[PDB]
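# sequence, then structure. It's an experimental one.
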Amino acid sequence: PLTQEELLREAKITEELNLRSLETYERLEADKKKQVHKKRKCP
Amino acid sequence: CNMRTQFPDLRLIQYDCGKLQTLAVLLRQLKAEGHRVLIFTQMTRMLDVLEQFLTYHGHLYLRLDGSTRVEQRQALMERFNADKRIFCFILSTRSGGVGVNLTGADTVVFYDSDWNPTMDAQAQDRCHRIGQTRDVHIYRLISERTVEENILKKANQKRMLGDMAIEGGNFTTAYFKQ
Amino acid sequence: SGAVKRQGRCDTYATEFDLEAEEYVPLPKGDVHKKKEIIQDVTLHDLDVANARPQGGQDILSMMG
Amino acid sequence: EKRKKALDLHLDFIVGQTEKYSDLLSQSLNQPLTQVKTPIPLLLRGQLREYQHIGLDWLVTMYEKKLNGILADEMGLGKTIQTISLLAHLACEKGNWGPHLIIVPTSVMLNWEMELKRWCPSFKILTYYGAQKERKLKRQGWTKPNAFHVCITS
Amino acid sequence: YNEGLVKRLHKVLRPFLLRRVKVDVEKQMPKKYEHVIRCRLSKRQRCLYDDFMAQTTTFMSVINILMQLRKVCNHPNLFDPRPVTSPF
Ligand SMILES: Nc1ncnc2c1ncn2[C@@H]1O[C@H](COP(=O)(O)OP(=O)(O)OP(O)(O)=S)[C@@H](O)[C@H]1O
Ligand SMILES: [Mg+2]
C-alpha cells in the first residue's frame, strides 16, 4: 500500500547502509589480502 | 641400501605412457620458448602420476584437484599469477567453478578430453578470458586407435551441433532491427 | 626389514630456493601405513645361504662377518 | 502417412505463433527516439557498455511483451550486470520493487550480493545462507510488504 | 543436411534466446589456436587394452570397460604400480 516516493526514500536509507557495508567488506578483504602477501625473516 | 631394497625407476613412469613422452617433449619446448602451461585432466590419480612425472623432469607445479579448500584456491591463483617460476598448474576440468582467473598462463594442455565440450571450453576460458595479453594455444593429447578418438569425435559432434543450433543464428538485436 | 629410504625433499618446498642441491619428490597419495601381499620366488639354496651367512640383523656383527 | 502431416501442421502452427511473437518484438524494438528506447536506470549508479545497454533494452522489451527468455551471453560479458540493470529499471520506472528471487550457485552467492550492493544499493538484499536455525531466523517476518526486495539463494 | 529444418528451429528459438560471442563484442581480444596431438601406447598399455577388449566378450558392461580403457589410455599405474622389490 506504499507509494513510490516512500519507496524512494527507504531506498535512499538502505543505499546508505549498503554502501557502508560494501565499504567495510572491501576494506576487510583488502587488508586480509595485503596481510597474506607478507613474508619476512629475522636477523 | 642399494643391495637391501630396489624401487622402480622414476624413468619408467614416462616409458609406460606415450602421452607422458609426448607431453615431456611438448613441455620442454614450451619452457624453452618461455610459456606457462595449464594441464587439465579428468582424474585425480592422473594428477598424482603427473606430479611424479613433473617432479622427475624438474617442472615446478601447483595443484588444484577439486578437493582443495575454497580459501586455498584464491591463494593458489594469486601465487600462480604472481610467481614466474611455477611452470605448470595441474587442474581438474570439472573443478574450479567459474571464479578462477588464470590469465597468467598462455598454454593449455588437455591430458584427456571430456565428453562435454562445454567443460573443455570452460577450462580454456580459464586462460583465454578477457584481460589476457598473450596468444593462447590449446594442445589436446589423444591416444591413437583408442577410445579417446571416439571421445574427441563425440566432442566435435557436440560442438558442430552447438554451432548449427545457437551459433548459426545471430541471436542479436541487429537481426530484429535489420 | 627395517629398511629406511629417503626419497627426497617434499615437492611443496621446491620453490623456496633456486639452487638447493636436493631432489624433490611429490607427497605420497595413499595412506601412511600400507600392507602389500606379494609372491616371492626363492630356492632352497637361497634359504641355506641366508641362514649360513646371515645379513638380516643389521648389527655390527653381520657387517664384521 | 497421416502422422507426418499432423506433425507438419502442428509445427507450422507453432512456427506461425513464434513468428507473430518475433514480429511483435521487432516492432517494439524499432521505436525511434543507436536508437535505444530504454534510458539508463537512475538508480543504476554505474557505467554500462554499449552491448550491455542493448541487452538491458532487450530485457525490458521481453518484460513488456511478457515473454520469458534466456540471456546466453558468453562468459565475462556481464550477464549479472545486465540482470541488475533490468531490476533497477523495473523498480525505478515500472515500480516493480516486488520481491525478486535470484537462484545462484553457492560459490557465486557472495559475489552476486557484492554486485547488487555495488550497482544498486537501494535494493534491500536478503541472503539465504546458513544453517536451518539461521535460515528460519532470517525468514521471520519476510511476508511483510517492503521487507526484502531481492533474495539470493542456492 | 536439410537447412529448412535448421531455419525453422532458429525461428522457434529466436524470440527467447539472446546470444553474444566475445568475438563480435570484445574486439581487443587475443587469438586462440587448437592443436590435436596423437600419441601411441606403450607395451604395457597395449597389453592392458587388449586384455580389457577381450573381457568385452564373455560381467563387466560396456560402460565399465569404457572407463577401464580410459584409465589405461591415461596411465597403467592407475591399476598397479611397479613393485618395490625387497628380499624375503
Ligand atoms: N560496466 C561495467 N563496469 C565495471 N565492471 C563491469 C562492468 N560490466 C561488467 N563488469 C565486471 O565484469 C565482471 C563479470 O561480471 P558478470 O556479470 O558476473 O559476468 P558473467 O557473465 O556473470 O561471467 P560468469 O559467466 O558469471 S563467470 C565483474 O567483475 C564486473 O565487475
Ligand atoms: Mg554469472
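Looks like it came in fine. Residues are numbered from 1 along each chain as shown, chains lettered A, B, ... in the order given. Ligands and ions are numbered 1, 2, ... in the order given.

# which residue packs closest to residue 22, ignoring adjacent ones?
Picked chain A for this. By the measure of C-beta to C-beta, 6 or more residues apart in numbering or on different chains, the closest residue to residue A:22 outside its immediate chain neighbours is residue D:117, 4.5 Å from it. For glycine as for every other residue, the C-beta is placed from the backbone atoms N, C-alpha and C.

# please refer instead to chain E.
residue D:74 is the one closest to residue E:22 (C-beta to C-beta, 6+ apart), at 5.1 Å.

# repeat for residue B:92
residue B:66 (4.6 Å).

# separation between that neighbour and chain C?
Counting by C-beta to the nearest C-beta, to the nearest Å, the gap from residue B:66 to chain C is 14 Å.

# same question, residue B:113
Taking C-beta to the nearest C-beta, one finds residue B:113 at 24 Å from chain C.

# can you show me the strands along chain C?
Per DSSP state E, chain C carries strands over the ranges C:9-10, C:24-25.

# so which of the ones you listed gets nearest chain B?
strand C:24-25 (5.4 Å; C-beta to the nearest C-beta).

# next, see if that closest one gets close to chain E.
No. Against chain E, strand C:24-25 shows no contacts by C-beta under 8 Å from any C-beta of the partner chain, the least distance being 14.1 Å.

# what is that strand packed up against?
Here strand C:24-25 touches strand C:9-10, going by 3 or more C-beta pairs under 8 Å, 6 or more residues apart in numbering or on different chains; DSSP states H and E.

# what strands line up against the strand it packs on, and which way round?
In the sheet, strand C:9-10 lines up against strand C:24-25 (parallel) (DSSP bridges).

# what's in contact with the strand it pairs with?
B:55, C:7-11, C:13-14 (C-beta atoms under 8 Å, 6 or more residues apart in numbering or on different chains).

# tell me the one among these nearest to residue D:58.
residue C:11 (50.9 Å; C-beta to C-beta).

# give me the neighbour count for that closest one.
Using other C-beta atoms under 10 Å in any protein chain shown, residue C:11 has 18 other residues around it.

# wait, it touches residue C:26, no?
Yes. Contact criterion C-beta atoms under 8 Å: residue C:11 and residue C:26 qualify, at 4.8 Å.

# for residue A:22, see how far away the residue in chain D positioned nearest to chain C is.
Using C-beta to the nearest C-beta, the single residue of chain D nearest to chain C is residue D:107, 25.7 Å away. Separation of residue D:107 from residue A:22 (C-beta to C-beta, to the nearest Å): 20 Å.

# for the lengthiest helix in chain C, the distance to its chain's centre please.
In chain C, assigned by DSSP state H, the helix with the most residues is helix C:44-52. Per C-alpha atoms, centre = their mean, to the nearest Å, the displacement of helix C:44-52 from the mean C-alpha position of its chain is 22 Å.

# list the contacts of that helix.
Against helix C:44-52 from outside (C-beta under 8 Å, 6+ apart): residue C:56.

# report the backbone C-alpha coordinates of it in CSV.
Output in CSV follows, covering the C-alpha atoms of helix C:44-52 (Å, rounded to 0.1, in the frame of the first residue of the first chain):
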residue,chain,number,x,y,z
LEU,C,44,66.4,-73.9,-1.0
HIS,C,45,69.9,-72.7,-1.7
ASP,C,46,68.9,-69.1,-1.0
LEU,C,47,67.5,-70.0,2.4
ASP,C,48,70.7,-72.0,3.2
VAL,C,49,72.9,-69.0,2.2
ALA,C,50,70.7,-66.6,4.2
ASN,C,51,71.0,-68.7,7.3
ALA,C,52,74.7,-69.6,6.8
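
# can you list the buried residues in the strand ranked longest in chain B?
Taking DSSP E as the criterion, chain B has its longest strand at strand B:136-143. Buried residues in strand B:136-143, counted by 16 or more other C-beta atoms under 10 Å in any protein chain shown: B:136-143.

# and it, anywhere near chain D?
No. For strand B:136-143, no contact with chain D is found by C-beta under 8 Å from any C-beta; the gap never falls below 14.3 Å.

# wait, does the helix or strand just after that strand make contact with chain E?
Heading C-terminal from strand B:136-143, the first helix or strand you meet, by DSSP states H and E, is helix B:147-165. Yes. Judged by C-beta under 8 Å from any C-beta, helix B:147-165 comes into contact with chain E at B:147-148, B:151-152, B:164-165.

# neighbour-wise, which one of these leads?
Busiest of the residues of helix B:147-165 next to chain E [other C-beta under 10 Å] is residue B:148, holding 22 neighbours.

# from residue B:126, how far out is the closest residue to that one other than its chain neighbours?
Excluding the flanking residues, the one nearest residue B:148 by C-beta to C-beta, 6+ apart is residue B:142, at 4.7 Å. As judged by C-beta to C-beta, residue B:142 and residue B:126 stand 21 Å apart.

# what sits against the closest residue in space to residue B:96 that isn't next to it in sequence?
Leaving aside its chain neighbours, residue B:96 sits nearest to residue B:64 (6.3 Å; criterion: C-beta to C-beta, 6+ apart). Contacts here follow C-beta under 8 Å, 6+ apart; on that basis residue B:64 touches B:73, B:76, B:89-92, B:95-96, B:100.

# give the burial count for the closest residue to chain C within chain A, as a bare number.
Nearest residue of chain A to chain C: residue A:39, at 11.0 Å (C-beta to the nearest C-beta). Each residue near residue A:39 was counted by other C-beta under 10 Å, and the total is 5.

# where does it fall, phi/psi-wise?
phi -160, psi 120 (degrees, to the nearest 10).

# how about the residue nearest to residue E:22, what does it touch?
So residue D:74 contacts E:20-22, E:25 (C-beta under 8 Å, 6+ apart).

# a helix runs through it, doesn't it?
No. Using DSSP: H, G, I helix; E, B strand; the rest coil, the secondary structure at residue D:74 is coil, not a helix.

# gap between it and residue D:46?
Here the criterion is C-beta to C-beta. By it, residue D:74 lies 21 Å from residue D:46.

# for chain B, what are the nearby residues on chain A?
A:33, A:36-37.

# right, I'll leave it there.
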